[PDB]
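Protein chains: 2
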Amino acid sequence: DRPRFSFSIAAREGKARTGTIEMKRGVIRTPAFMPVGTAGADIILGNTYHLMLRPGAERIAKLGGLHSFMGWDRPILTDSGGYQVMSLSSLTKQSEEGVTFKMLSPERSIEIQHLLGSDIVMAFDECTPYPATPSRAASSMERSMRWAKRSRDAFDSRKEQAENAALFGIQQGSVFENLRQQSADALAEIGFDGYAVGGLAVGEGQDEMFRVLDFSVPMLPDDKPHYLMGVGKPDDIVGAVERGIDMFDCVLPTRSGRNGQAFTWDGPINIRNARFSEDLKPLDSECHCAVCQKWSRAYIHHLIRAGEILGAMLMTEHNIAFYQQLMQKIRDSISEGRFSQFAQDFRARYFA
Amino acid sequence: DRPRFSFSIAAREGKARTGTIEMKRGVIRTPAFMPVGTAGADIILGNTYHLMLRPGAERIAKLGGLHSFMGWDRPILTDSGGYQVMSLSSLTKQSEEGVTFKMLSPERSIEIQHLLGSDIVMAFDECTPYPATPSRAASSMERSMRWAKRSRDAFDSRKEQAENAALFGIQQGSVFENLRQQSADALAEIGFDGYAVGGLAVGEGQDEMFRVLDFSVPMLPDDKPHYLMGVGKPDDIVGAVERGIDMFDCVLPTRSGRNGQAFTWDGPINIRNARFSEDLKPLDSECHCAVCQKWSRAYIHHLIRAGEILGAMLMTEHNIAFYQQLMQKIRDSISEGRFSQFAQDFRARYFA
Ligand SMILES: Nc1nc2c(CCc3ccccc3)c3nc[nH]c3cc2c(=O)[nH]1
Ligand SMILES: Nc1nc2c(CCc3ccccc3)c3nc[nH]c3cc2c(=O)[nH]1
Ligand SMILES: [Zn+2]
Ligand SMILES: [Zn+2]
Numbered sequence: 010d011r012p013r014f015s016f017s018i019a020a021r022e023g024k025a026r027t028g029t030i031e032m033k034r035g036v037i038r039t040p041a042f043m044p045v046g047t048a063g064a065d066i067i068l069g070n071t072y073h074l075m076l077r078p079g080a081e082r083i084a085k086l087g088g089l090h091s092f093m094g095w096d097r098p099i100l101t102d103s104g105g106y107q108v109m110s111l112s113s114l115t116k117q118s119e120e121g122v123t124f125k134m135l136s137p138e139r140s141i142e143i144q145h146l147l148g149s150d151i152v153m154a155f156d157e158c159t160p161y162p163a164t165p166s167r168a169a170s171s172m173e174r175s176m177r178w179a180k181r182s183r184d185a186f187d188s189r190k191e192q193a194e195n196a197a198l199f200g201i202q203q204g205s206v207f208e209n210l211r212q213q214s215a216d217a218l219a220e221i222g223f224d225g226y227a228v229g230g231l232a233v234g235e236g237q238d239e240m241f242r243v244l245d246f247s248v249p250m251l252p253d254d255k256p257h258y259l260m261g262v263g264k265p266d267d268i269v270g271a272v273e274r275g276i277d278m279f280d281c282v283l284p285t286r287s288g289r290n291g292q293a294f295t296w297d298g299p300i301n302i303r304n305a306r307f308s309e310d311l312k313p314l315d316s317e318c319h320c321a322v323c324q325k326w327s328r329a330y331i332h333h334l335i336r337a338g339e340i341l342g343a344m345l346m347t348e349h350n351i352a353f354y355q356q357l358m359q360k361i362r363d364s365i366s367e368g369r370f371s372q373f374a375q376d377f378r379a380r381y382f383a
Numbered sequence: 010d011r012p013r014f015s016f017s018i019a020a021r022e023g024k025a026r027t028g029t030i031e032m033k034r035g036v037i038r039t040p041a042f043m044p045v046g047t048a063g064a065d066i067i068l069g070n071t072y073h074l075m076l077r078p079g080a081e082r083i084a085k086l087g088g089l090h091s092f093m094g095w096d097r098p099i100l101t102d103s104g105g106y107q108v109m110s111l112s113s114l115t116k117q118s119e120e121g122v123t124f125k134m135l136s137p138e139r140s141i142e143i144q145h146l147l148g149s150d151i152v153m154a155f156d157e158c159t160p161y162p163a164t165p166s167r168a169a170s171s172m173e174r175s176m177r178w179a180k181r182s183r184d185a186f187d188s189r190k191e192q193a194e195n196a197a198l199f200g201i202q203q204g205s206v207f208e209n210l211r212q213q214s215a216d217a218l219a220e221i222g223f224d225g226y227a228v229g230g231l232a233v234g235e236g237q238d239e240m241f242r243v244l245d246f247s248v249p250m251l252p253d254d255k256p257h258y259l260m261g262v263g264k265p266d267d268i269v270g271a272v273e274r275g276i277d278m279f280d281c282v283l284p285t286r287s288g289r290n291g292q293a294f295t296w297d298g299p300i301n302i303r304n305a306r307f308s309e310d311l312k313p314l315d316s317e318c319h320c321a322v323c324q325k326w327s328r329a330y331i332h333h334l335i336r337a338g339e340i341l342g343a344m345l346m347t348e349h350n351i352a353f354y355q356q357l358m359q360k361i362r363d364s365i366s367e368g369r370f371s372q373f374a375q376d377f378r379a380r381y382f383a
């Protein structure tokens, strides 16, 4: 049987790495993109915030857990819920115990993720608002580090979870190198199975994010996976892999798919635009996905313009397939020692 | 090679028949349900009214026709467009030449369907409003019969269409037996490849529709397929097959699928209802579709309640699959001489 958690690096190029995470439910090839399970990927995302509200974490456990519920027997990552409460909820009330909204604490977060049955459990953190002064960023980071220890203990107190899932710590510190170093030191001292770079993809722009990644990723344990949360556009991913990131999630493939935007090797396109009404080429000339095997930009443009659900499904299937082809190309080129050439070739074509 | 059009009846029970329509692009097993191609079926529907407006019939021909456009190389039926103009358009203006809206004529209808490339072409008729007085129903029917002859001639003037497609005449006459007889006589004298019962599914209720079918279907040529337009609910189809109908279309599978209603052997259910929030059974216990193979009512209820497009796609896939399983069961039981028992068993379970 596979171990509970084992990360091995098969090849490197500069700061980039490619390898595998072994877990009881399957293997995850890295760098990995992790799509929302609500729709090939090796791991999908559960929506902790939505699930604790409908139908509730207890109801999901009663239904047999998220794997059974969603019909997905491979690994599932779940976020810890505070980021989502802090962005999509009202009348939020924060304190050292946790957050109240209309009480999510480290312990409750971990228990919710346990009842959901997810394989990769995120520590309960505070995604510090951007921008932030040094003092507020430090205060926030210090509380997240106390909350990280409380998450560690809650996770270790549940035998089924401690023996079958994995726990990731989330680095905070806003854009400040010394706070990122302190956060990294505190996490490493607690000890986690993986480490996420939190508090980015919060409006900072790609230049600032890349700058923060430049000094932040090397503070994490090299021998454990690095998860950049909430990122990102295809060029964000390529640049973040260049900076040592192993795992990604982003709202873009599914949000774009529902709003008429398709990702291609030549950049994104809005398929609703009239220039596609008679374009017989598939969404992308090279894409191996099923949509691109059967249908033209013209027919997908027509479905979406007509309001047919089929169109949004075909766009979403293509976008998710495109992201996985991107990750496959990143892994192959790292493994073959030509990732640097690939990144240059990707950006020249993607931005042309 | 298959012929342009050949209908053969393999077995009968009472007025019910089962058999096949051979056409150059494929075989159609009857009784047949014909789903909207905009999403196994043997024939799909093109939306003449929408397509003549976006992107236009000429643009579809420029793109290679509807088979190429939709990625579907099997038969396609198209309606003649007037029913749709008369129900979904504004500022309609009618005359002996045709209908003007914001000029669809028999000749233009046929040419539009030719440019679309459909395999089964509907005569350009007037679906008489319901209810209607004898005099208005007769006037309307008499114009549709003149229009049927004009459709015949337009169809025969286009060599590629006359040699590769099929043309159906549409009986009108509202609920009046003598007008239905006159309409049937006029169509048979013109001569068509199949005959549709038009002017039903316009609000009359199942009792009245079945009454009209009782005397109307036997006026049509027995040796040609009978197409009841716009029908219907599963119990409508079963009863119409009992009355000699061979072909059906209906908005229900796709409209229901987008609004939370799933058809089952035990009747329809609204999956959004709270009673399904913890129901681990598939949408239907017997259904062989992929959705019912993998997912519970509970998870589909959750997707739809959450607004996820995945849910509406899974409901639609199930509903269309259910209709085709219904038709398969009708064909098998007719062919095995137990359709009467089947209809009784279907209604007892469906309405229980
Ligand atoms: N816990 C946490 N989540 C973040 C997310 C959501 C990632 C997520 C993972 C899995 C499911 C849903 C959401 C961010 N999205 C954009 N920027 C983000 C920052 C953070 C962060 O600092 N902490
Ligand atoms: N031409 C025509 N169409 C009808 C339709 C649409 C069937 C159709 C077929 C293929 C595609 C779209 C629509 C009806 N729908 C409900 N009742 C109906 C009656 C008629 C009718 O009398 N004539
Ligand atoms: Zn594709
Ligand atoms: Zn089903």
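Chains A and A' supply the protein sequences, listed in that same order. A prime marks a further copy of an entry chain.
Reading the first sequence from the start, the letters are residues 10 to 48, 63 to 125, 134 to 383 in the deposited numbering.
Reading the second sequence from the start, the letters are residues 10 to 48, 63 to 125, 134 to 383 in the deposited numbering.
All C-beta atoms in this analysis are idealised placements derived from N, C-alpha and C, irrespective of residue type, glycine included.
Inter-residue spacing [alpha-carbon to alpha-carbon] between residue i and residue j
i	j	result
A:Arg97	A':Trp326	16 Å
residue 462 of chain A'	A':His257	Missing from the structure shown is residue 462 of chain A'; chain A' here goes from 10 to 383 and no further.
A':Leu89	A:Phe42	37 Å
A:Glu142	A:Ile151	13 Å
A':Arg139	A':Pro78	16 Å
A':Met75	A':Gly148	13 Å
A':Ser366	A:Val282	52 Å
A:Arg38	A:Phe373	19 Å
A':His332	A:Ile340	18 Å
A:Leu210	A:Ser118	21 Å
A':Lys85	A':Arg174	33 Å
Integer-rounded CB distance, given that residue j should sit under 8 Å from residue i
i	j	result
A':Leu114	A':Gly121	No, A':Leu114 and A':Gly121 are not in contact; Cβ-Cβ is about 15 Å, not under 8 Å.
A':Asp266	A':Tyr381	6 Å
A:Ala193	A:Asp187	5 Å
A':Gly204	A':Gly230	7 Å
A:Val248	A:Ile268	Going by Cβ atoms, the distance from A:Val248 to A:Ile268 rounds to 14 Å, so no, they are not a contact pair.
A':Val108	A':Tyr161	With a Cβ gap of about 17 Å, A':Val108 and A':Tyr161 do not count as contacting.
Alpha helix (DSSP H) segment containing residue i, residue limits
i	result
A:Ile365	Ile340 to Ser366
A':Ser247	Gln237 to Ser247
A:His332	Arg328 to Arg336
A':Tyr258	That residue, A':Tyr258, is in no alpha helix (DSSP H); its beta strand (DSSP E) goes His257 to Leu259.
A:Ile83	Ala80 to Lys85
A:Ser91	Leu89 to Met93
Which of helix, strand or coil DSSP assigns to residue i
i	result
residue 54 of chain A'	No coordinates are present for residue 54 of chain A', because the numbering of chain A' runs from 48 directly to 63.
A':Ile268	helix
A':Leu68	strand
A:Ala179	helix
A':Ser308	coil
A:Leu74	helix
A':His145	helix
A:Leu210	helix
A:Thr29	strand
A':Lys116	strand
A':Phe186	helix
A':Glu173	helix
Delimiting residues of the beta strand (DSSP E) encompassing residue i
i	result
A':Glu191	First-last for A':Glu191: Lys190 to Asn195, but that is the alpha helix (DSSP H), not the beta strand (DSSP E).
A':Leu100	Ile99 to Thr101
A':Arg286	Here A':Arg286 belongs to no beta strand (DSSP E); instead the alpha helix (DSSP H) covers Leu283 to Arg289.
A:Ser15	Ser15 to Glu22
Closer than 7 Å: residue i CB and nearest ligand 2 heavy atom
i	result
A':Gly230	yes
A:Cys323	no
A':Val108	no
A':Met172	no
A':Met153	yes
Check: residue i C-beta below 7 Å from any heavy atom of ligand 4
i	result
A':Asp310	no
A':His349	yes
A':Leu314	yes
A:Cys318	no
Any non-hydrogen atom of ligand 1 within 7 Å of residue i CB
i	result
A:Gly105	yes
residue 50 of chain A	Missing here is residue 50 of chain A: after 48, the next number in chain A is 63.
Heavy atom of ligand 3 within 7 Å of residue i beta-carbon
i	result
A:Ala352	yes
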